[PDB]
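These notes are about the structure you will find just below.
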Protein chains: 8
Amino acid sequence: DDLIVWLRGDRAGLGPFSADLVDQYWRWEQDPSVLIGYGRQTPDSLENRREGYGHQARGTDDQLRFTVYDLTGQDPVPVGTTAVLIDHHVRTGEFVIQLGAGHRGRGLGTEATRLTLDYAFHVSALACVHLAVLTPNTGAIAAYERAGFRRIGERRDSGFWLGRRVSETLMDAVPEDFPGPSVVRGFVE
Amino acid sequence: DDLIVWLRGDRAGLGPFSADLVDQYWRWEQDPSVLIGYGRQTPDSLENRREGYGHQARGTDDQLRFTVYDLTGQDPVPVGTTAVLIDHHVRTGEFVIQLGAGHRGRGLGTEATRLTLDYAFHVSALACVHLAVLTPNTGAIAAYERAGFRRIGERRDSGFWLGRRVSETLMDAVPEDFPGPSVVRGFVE
Amino acid sequence: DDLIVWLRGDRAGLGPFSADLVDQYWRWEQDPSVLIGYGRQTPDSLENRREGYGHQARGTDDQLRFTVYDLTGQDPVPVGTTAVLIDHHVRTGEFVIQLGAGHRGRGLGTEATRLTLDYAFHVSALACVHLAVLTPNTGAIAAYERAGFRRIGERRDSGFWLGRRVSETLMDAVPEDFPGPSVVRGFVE
Amino acid sequence: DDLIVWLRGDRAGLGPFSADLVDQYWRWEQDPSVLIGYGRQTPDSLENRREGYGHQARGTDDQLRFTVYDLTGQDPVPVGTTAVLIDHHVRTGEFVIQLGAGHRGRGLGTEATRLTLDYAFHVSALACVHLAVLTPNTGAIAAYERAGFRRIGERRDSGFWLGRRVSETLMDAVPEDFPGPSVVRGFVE
Amino acid sequence: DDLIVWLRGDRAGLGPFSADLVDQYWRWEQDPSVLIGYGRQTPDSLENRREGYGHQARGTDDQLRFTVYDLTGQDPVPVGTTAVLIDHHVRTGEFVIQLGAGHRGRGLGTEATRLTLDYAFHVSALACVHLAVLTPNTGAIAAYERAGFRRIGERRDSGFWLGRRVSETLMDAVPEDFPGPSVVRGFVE
Amino acid sequence: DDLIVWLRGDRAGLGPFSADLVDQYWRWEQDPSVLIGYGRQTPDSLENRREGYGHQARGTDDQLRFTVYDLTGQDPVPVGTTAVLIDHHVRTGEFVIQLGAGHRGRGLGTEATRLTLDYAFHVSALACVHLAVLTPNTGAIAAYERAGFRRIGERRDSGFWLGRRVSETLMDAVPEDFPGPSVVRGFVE
Amino acid sequence: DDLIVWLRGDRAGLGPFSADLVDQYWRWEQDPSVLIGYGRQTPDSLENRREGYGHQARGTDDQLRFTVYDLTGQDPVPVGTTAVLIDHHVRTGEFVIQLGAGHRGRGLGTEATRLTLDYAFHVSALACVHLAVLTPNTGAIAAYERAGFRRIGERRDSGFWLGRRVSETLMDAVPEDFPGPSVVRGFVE
Amino acid sequence: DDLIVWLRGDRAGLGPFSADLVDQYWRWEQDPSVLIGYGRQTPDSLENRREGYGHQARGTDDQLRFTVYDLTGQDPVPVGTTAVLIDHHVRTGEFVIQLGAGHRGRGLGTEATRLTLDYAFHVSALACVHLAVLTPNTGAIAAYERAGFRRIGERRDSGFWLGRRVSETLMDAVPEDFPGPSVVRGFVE
Ligand SMILES: CC(C)(COP(=O)(O)OP(=O)(O)OC[C@H]1O[C@@H](n2cnc3c(N)ncnc32)[C@H](O)[C@@H]1OP(=O)(O)O)[C@@H](O)C(=O)NCCC(=O)NCCS
Ligand SMILES: CC(C)(COP(=O)(O)OP(=O)(O)OC[C@H]1O[C@@H](n2cnc3c(N)ncnc32)[C@H](O)[C@@H]1OP(=O)(O)O)[C@@H](O)C(=O)NCCC(=O)NCCS
Ligand SMILES: CC(C)(COP(=O)(O)OP(=O)(O)OC[C@H]1O[C@@H](n2cnc3c(N)ncnc32)[C@H](O)[C@@H]1OP(=O)(O)O)[C@@H](O)C(=O)NCCC(=O)NCCS
Ligand SMILES: CC(C)(COP(=O)(O)OP(=O)(O)OC[C@H]1O[C@@H](n2cnc3c(N)ncnc32)[C@H](O)[C@@H]1OP(=O)(O)O)[C@@H](O)C(=O)NCCC(=O)NCCS
Ligand SMILES: CC(C)(COP(=O)(O)OP(=O)(O)OC[C@H]1O[C@@H](n2cnc3c(N)ncnc32)[C@H](O)[C@@H]1OP(=O)(O)O)[C@@H](O)C(=O)NCCC(=O)NCCS
Ligand SMILES: CC(C)(COP(=O)(O)OP(=O)(O)OC[C@H]1O[C@@H](n2cnc3c(N)ncnc32)[C@H](O)[C@@H]1OP(=O)(O)O)[C@@H](O)C(=O)NCCC(=O)NCCS
Ligand SMILES: CC(C)(COP(=O)(O)OP(=O)(O)OC[C@H]1O[C@@H](n2cnc3c(N)ncnc32)[C@H](O)[C@@H]1OP(=O)(O)O)[C@@H](O)C(=O)NCCC(=O)NCCS
Ligand SMILES: CC(C)(COP(=O)(O)OP(=O)(O)OC[C@H]1O[C@@H](n2cnc3c(N)ncnc32)[C@H](O)[C@@H]1OP(=O)(O)O)[C@@H](O)C(=O)NCCC(=O)NCCS
């Protein structure tokens, strides 16, 4: 009961950024695969993450942070994190997502991104959600495309993939391109 | 016995803004339906709510905060929150209200608003209580109309409803339009 | 040359909220006519205004503050102040204006409000600008109507006019109702 | 002699971010045309700019800030500002530029951007310099294209132009696409 | 389960710089053999190491710190430490390593250095990793040579070995000289 | 008379790190040629240099800082800076040097480096002075070789020269290889 | 196991300056015989020693502090303290030693001093270790002579022995005069 | 008249440690000859000397500091500094002295040391004054011998002279060996 779930999809759900899962968030973010995908170069310390959780918690006016839950089992189980950095001046946000090592390839990322887009479009009233992802990360490309993102173009020589200089793909999503039924509309109506 | 009830209606009651219910207030305020109704775009953190409860508690000179109780059962059970921001210079206040997910549609909001208006008119000696509510939120419109509010007009293009730009309805209430018997008069006489 | 003018109309102009005019802003705001029009009940001190100017200056992210200049003479002369409190979440702002004692009735308020609306619509990208003004203040009503505001309704018994309890008129403006040519478009094109 | 010039082109030059020009930087940045081009919605105060200059000055490890000088006259005259926010992890930077009201259309922006790219490529050893510019700002598009930037794509509905929701064009530059002779190579060889 | 292992080789593995092992890190670093190999002259205190662990933990932006685990047994057991001081301006890092007294001569240092080089090359995207080691320390020379380092030269009379003034050997490693399969590539692909 | 000269060579001399020349030190260090030679990527601010001069001045226990004077004229004139970072544990130091734009190619760097080596060897009692210099900087190579440095080797791919990844040459100097007469011996005997 | 032993001789050993033995260090240092031998005139308080232990612990860059253990029994037992104050500028140190009341005359002081000299010569790379000891303290003279110290001379009238003004003997030790096998060499080879 | 002289000899005199001569004290102490004689390895900064003068001034309970004056001219002229660090527990002090570059070889050091010894013996009631001086510094040896110091012995390999490891001579002085008439006795009798 301690795990609150706000949006419930068919396969995944979103909840608050609970403080009981700071260690799990650290362990998820420190995985080498996540570091390669994000492009971060150095591991962060658990103490620094614990200290930074408070500053993340106070600064929630222009920041969306959700815990992704797997709803296929009897009870929800946290599997990843989604975040949107909101620029209230232009109604746009920047989207990031990561899942656990054992929860990838089961589809959860697609519905997690779709639910995050639903929340950003129908609750935060954002006009555009965009992201930057390294080109070789084709799985993330497919997940974002099926979630509702569209390709903008390639920013040449602005990232590293296994030490090699590669471009990154810029993608964006708009409310009129949002696929599937919206859970938020079910909440309102 | 810890749950103090000040005003007792037929279906609902009002009590103090207890500190034992900060987590419940957070959970009520973080519901997607409440966020859509209020028009808030980003969820707030539990730690920030716990920290802000103190600043709410000290600043009570020009702020009314009540906990709504359901009195249909054997014991009172908290179901929502009401608040009035008082401007002592002109004897006016701004009214907000929200109930829990499982307590809506049973009428409790109407008597909660009526009791809050009774307290504001006959204890706080306010000359006018007003609110701003999004136009598509028709249930709140009906609740406020039956509670004693009257429609002023529509403020064009000043809010978002499921990402769509919509107007909001401005409403006000005056003591001479207060319906039904007053509990405060029973307290005094 | 020290008086910077950003927007230049036919009769009036807008400039920055200069620190060399804090005493003049105080003297303008302390006039009994301005106190009656705004509805403020107690005079403010010059020292408090000087201290508060800094806090006004730092907090400019969601606040527009202009100095109104009379351009009918050879050189610009400050005659009043305009301000818009911006709510970036919904792209709306609240508008206030006051002129000097000897500068009223010459029309400067109308073009000052029109230029402020032009700046808010075409630079700040606001979807709605609204204000609250006491009903007996008919001159301000006419100025706002000719500037581009439209009447919403009357909020009953929410203000004092010469000690008498009176209602206040709520007005709003939208970009599609903006009259006349836009100076900002001339700046861009 | 107080105006130091580091890079000297045929028409323009770059110098340090002098503290004697904080007021001029403020006046340049506060022009309505610059606000429209950047997409900033509210004017900043002179006191806030003076206070922020120090924090800009200390934080120079990952920030390039230049003053653009017009070298067509007998002595250099400052006309604008260029800045590159450097991300040392991936050797990329984000580029912004603005000129004075009376210095546009004379070509100075093109050589200013070219010299900034030369400095970033041959001194800062950046692999990619990118920018985001509103689509209707066609003059900036042409200036960046002739300076050495290439179009990536359009980010839909992520900015405002005169109150209208418009897309912004993403551009990038790479060392192998740098046009013209390099001044830095003349410095080294 | 508390011992997290990120990279797993055939004989050794790398994990985070856990706070539960500060005393063990102190005891490893205070061994006379480690002091002779590093060239440190005075022992450090346990209290100073405990205090300094926090400052090490916060400063992780340009610092890699791993705990070396022996994977030959049933469960991982910490045996040493590896560290890389990263200079993000030139994509280079300085490498140090030490093992426990009872864990030397079993080969663990070679694979520990190889895995650290793999992490630095394919996750941190470093172009060169270098170290300085005293010339008489021939075992470390052989370990670094088999791990992937190449000899640069000897810096004359810049260190002490058992009180005698000796030179130190400078070594470096580049991605194109990295031997063996890469674990990070297995993580990505 | 304010310019103190400690060591006097035939062409150049060394003096204290005077506080009257902080602006000149800034201007010398900010030259693009000096930035290319050192490998620094971003310019530093004058205010930051003025603030950092104090911290340089207090920390003089393990730091040598000299002002290079040209003694060919009637009076000494400052032309550059030399610095040695001393590691008292092993009696070694790291050497850097830069001259002004108009003072290069006249030989002053060679005698400045020779006098700095004389001071480090015969006053600081250092056993080895070493430096790291980019390979394409052949003029500095020749200056260091004639001053008394000897080549150690090349550290592959650890620096940038005009945006190109290049190696840097490591050099060292020992007292027994010090050329020419020593001024310090003339001081003592 | 809590008692760490670094250097192990035939009769005595050296370990870290443990914080669990602050009271024992106080009791050893407060003995009247130790006060007479050192020449200290007033007893120190236990609280002051406990407070000063921290400042001793942080300041370990130029300070060697060991706990002397008696290794003749089954388990090591602390019997005294040795300390060397290191002057890194000239590679020299000042040596002091004291043992417990019941541990003197068994030879432990000789091997404790010899092991401290071994550590200072072969780990700290000190060129000279010196001490000052009162002339009537003949037992300490013999211990230092057999440990490896040589007599320099007598400093006339610079100390008190039982209230009588006496001279003190100055002694020094050099690496080439170090007797017996070195444990540190066994550690290295 | 500002130059106070306490003890007046035939050729030299002693005065207070005036604050008007901090720059002159710095310049005297920074001379390469003084650095070689004392054995200091790095120059000190003028700002650090100015800051440290205050801490020298407050701490005068166990510190004698004099300014040496040349009395051969019409008016006293400062030529050097003498200092005695007093250990009040044993009535002993450590003596240092330095003169200006142009004031050596005229004998002033001998009478300066003699007057300092007179002050220490007959005013401070010290039983022994000692010093440590490098062996090759034969001029200081002769000056101390004629002043009243006697040789104790040589501390082997504890100092550097022009980079060469040399011994230092230890000397002491006692009241019964004080030569010549005492000025302090003339003051008292
Ligand atoms: C990308 C990531 C965040 C999650 O996205 P994702 O879950 O992998 O993307 P998907 O949801 O499409 O994975 C679903 C896979 O299951 C398959 N699948 C399809 N239908 C399915 C179903 N009904 N049930 C189960 N699996 C299904 C899909 O084909 C897909 O394989 P594919 O993506 O190669 O086409 C995760 O891979 C990750 O943690 N990456 C590391 C961090 C990172 O890269 N972040 C992004 C940086 S911007
Ligand atoms: C609006 C809100 C705060 C509570 O008001 P409310 O309880 O829904 O309004 P009501 O009391 O009229 O709901 C009573 C319903 O029960 C019905 N009802 C009538 N008589 C009843 C009775 N005797 N017993 C039970 N139910 C009855 C009413 O017809 C009404 O349906 P209707 O409102 O559609 O006409 C709640 O809906 C809510 O939490 N909204 C989200 C937050 C929010 O919107 N706040 C306002 C923003 S300004
Ligand atoms: C309202 C106020 C801010 C300025 O607005 P304003 O300048 O008075 O409104 P106007 O510009 O229409 O005054 C112009 C008058 O000149 C007349 N006029 C018309 N054309 C004109 C022209 N070409 N040239 C000169 N005068 C002209 C107009 O008829 C108008 O009279 P009217 O307003 O009664 O119809 C000023 O009156 C004031 O300082 N009030 C006190 C503070 C206050 O009330 N603030 C508002 C609280 S919300
Ligand atoms: C864009 C800006 C920063 C400077 O760039 P710019 O100087 O206008 O771009 P240019 O250098 O090409 O202007 C040169 C003009 O002179 C013309 N020109 C060509 N050759 C010329 C020559 N030899 N001499 C003089 N003029 C010449 C060019 O055709 C060009 O006209 P065009 O740009 O429409 O084709 C300036 O317009 C500005 O301040 N904008 C507001 C702030 C802003 O928009 N910043 C960018 C937000 S990302
Ligand atoms: C150097 C040090 C850090 C670890 O490196 P290392 O483990 O000793 O180097 P190695 O891995 O090659 O030791 C493996 C030995 O086992 C032998 N070996 C070879 N194959 C083996 C196998 N399959 N299984 C077991 N042992 C094997 C090797 O021949 C080697 O002996 P050698 O190094 O003399 O040739 C460790 O010695 C140490 O702690 N030193 C003190 C601190 C220090 O010196 N740090 C470096 C300062 S820069
Ligand atoms: C390198 C630097 C610091 C000064 O060193 P330098 O003065 O250039 O080296 P030199 O003293 O040899 O220059 C003397 C030149 O004059 C010539 N020369 C020879 N004899 C001469 C004489 N008697 N009189 C005048 N000139 C003479 C030499 O041939 C030499 O040319 P060369 O160096 O190409 O062979 C300066 O070039 C500089 O500021 N560089 C930028 C910063 C930098 O690179 N620092 C080093 C980074 S580690
Ligand atoms: C001096 C002191 C620190 C320890 O040094 P020490 O142990 O007394 O000196 P020793 O090791 O030689 O004592 C060993 C004695 O055992 C005898 N001995 C010789 N061989 C022995 C053996 N194999 N086994 C046992 N005893 C032996 C020695 O003859 C010696 O007697 P001696 O010193 O009079 O010749 C201790 O006496 C002490 O605590 N003094 C008070 C503090 C102090 O004075 N500090 C020094 C101020 S600088
Ligand atoms: C040592 C020092 C502090 C001053 O001492 P000093 O003045 O040189 O020693 P003196 O007074 O003997 O110099 C007098 C010289 O004049 C000669 N002299 C003798 N009688 C003389 C007279 N009547 N008139 C003039 N000169 C005379 C002496 O023979 C002597 O030469 P000598 O010392 O080689 O024999 C000074 O040399 C100095 O500044 N040294 C650098 C700092 C330093 O070394 N400090 C000591 C470190 S512990």
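Throughout, protein chains are lettered first and strands after them, A, B, ... in sequence-line order, and every chain is numbered starting at 1. Note that these values count all heavy atoms, side chains included, but never hydrogens, waters or copies made by symmetry.
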Residue pair E:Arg150, E:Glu145: steps toward the salt bridge (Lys or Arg N to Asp or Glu O under 4.0 Å) verdict: CA-CA 6 Å; E:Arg150 299 290 183 269; E:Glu145 293 179 353; over 6 Å; no
Would you give the length of the straight line joining atom [atom1] of [X] to atom [atom2] of [Y], rounded to the nearest 0.5 angstrom?
X        : Y        : atom1 : atom2 : result
E:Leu162 : G:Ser182 : CG    : OG    : 7.0 Å
E:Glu94  : E:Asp87  : CD    : CG    : 10.5 Å
G:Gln63  : E:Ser45  : CD    : OG    : 11.5 Å
E:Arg65  : E:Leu14  : CZ    : CG    : 14.0 Å

Please give me the minimum heavy-atom distance between [X] and [Y], naming the atom from each residue.
X        : Y        : result
H:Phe160 : F:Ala125 : CG-CB, 3.5 Å
G:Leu115 : G:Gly13  : CD1-CA, 4.1 Å
F:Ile152 : F:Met171 : CD1-C, 3.8 Å
F:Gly148 : F:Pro179 : CA-CD, 4.0 Å
H:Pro32  : F:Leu7   : CG-CD1, 4.1 Å
G:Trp6   : G:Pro16  : CH2-CB, 3.6 Å

side-chain contact (heavy atoms from CB on, under 4.5 Å) between G:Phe149 and G:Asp177, worked out: CA-CA 8 Å; G:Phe149 284 85; G:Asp177 272 356; over 6 Å; no
Trace of the salt bridge (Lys or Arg N to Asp or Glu O under 4.0 Å) decision for G:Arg58 with E:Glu47: CA-CA 7 Å; G:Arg58 283 85 170 93; E:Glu47 293 82 13; 5.6 Å; no
E:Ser167 versus E:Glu154, side-chain donor and acceptor atoms under 3.5 Å: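 Present: a donor and an acceptor within the cut-off.
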Polar side chain donor-acceptor pair, F:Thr110 to F:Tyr144, under 3.5 angstrom: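 Short answer, no.
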Pair H:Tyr38-H:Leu134, side-chain contact (heavy atoms from CB on, under 4.5 Å): steps then yes or no: CA-CA 8 Å; H:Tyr38 280 12; H:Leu134 295 172; over 6 Å; no
Distance-only, no hydrogens or angles: does the [X] side chain make a donor-acceptor pair with backbone N or O of [Y] under 3.5 Å?
X        : Y        : value
F:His88  : F:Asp61  : yes
E:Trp26  : E:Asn48  : no
H:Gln30  : H:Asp44  : yes
G:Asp118 : G:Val183 : yes
E:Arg165 : F:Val90  : yes
G:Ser124 : G:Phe121 : no
F:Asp172 : E:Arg156 : yes
F:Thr60  : H:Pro43  : yes

Parallel, tilted or perpendicular: ring planes of G:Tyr119 versus G:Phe66, cut at 30 and 60 degrees: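 Ring orientation of G:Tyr119 relative to G:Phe66: perpendicular.
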Flag side-chain contact, heavy atom, 4.5 Å: H:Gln41 against F:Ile86: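 H:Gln41 does not reach F:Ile86 side chain to side chain.
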Student check: side-chain heavy atoms of E:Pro78 and E:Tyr25 closer than 4.5 Å: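 Side chain of E:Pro78 against side chain of E:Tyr25, heavy atoms only: no contact under 4.5 Å found.
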Electrostatic pair G:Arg91-H:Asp157, nearest N-O below 4.0 angstrom: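 A salt bridge is absent here (no side-chain N lies under 4.0 Å from a carboxylate O).
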Option among E:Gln24, E:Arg40, E:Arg49 that satisfies the side-chain hydrogen bond (donor to acceptor under 3.5 Å, both in side chains) test with E:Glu29: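 Output: one option passes, namely E:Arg49.
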Partner of E:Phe17 by side-chain contact (heavy atoms from CB on, under 4.5 Å), out of E:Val22, E:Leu64, E:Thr82, E:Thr81: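 Of the listed options, the one satisfying the test is E:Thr81.
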Option among F:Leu117, F:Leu126, F:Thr113 that satisfies the side-chain contact (heavy atoms from CB on, under 4.5 Å) test with F:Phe95: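 The single option meeting the side-chain contact (heavy atoms from CB on, under 4.5 Å) with F:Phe95 is F:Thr113.
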Residue pair E:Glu168, E:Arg155: steps toward the salt bridge (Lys or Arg N to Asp or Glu O under 4.0 Å) verdict: CA-CA 5 Å; E:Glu168 55 182 8; E:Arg155 181 188 291 157; 2.7 Å; yes
Stepwise side-chain contact (heavy atoms from CB on, under 4.5 Å) test for G:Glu111 and G:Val68: CA-CA 10 Å; G:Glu111 292 83 4; G:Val68 179; over 6 Å; no
Ring-ring centroid check G:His122 G:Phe187, cutoff 6.0 Å: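 No, they do not, as the ring centres are separated by 6.0 Å or more.
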Steps toward side-chain contact (heavy atoms from CB on, under 4.5 Å) verdict (E:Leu131, E:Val96): CA-CA 7 Å; E:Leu131 60 82; E:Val96 298; over 6 Å; no
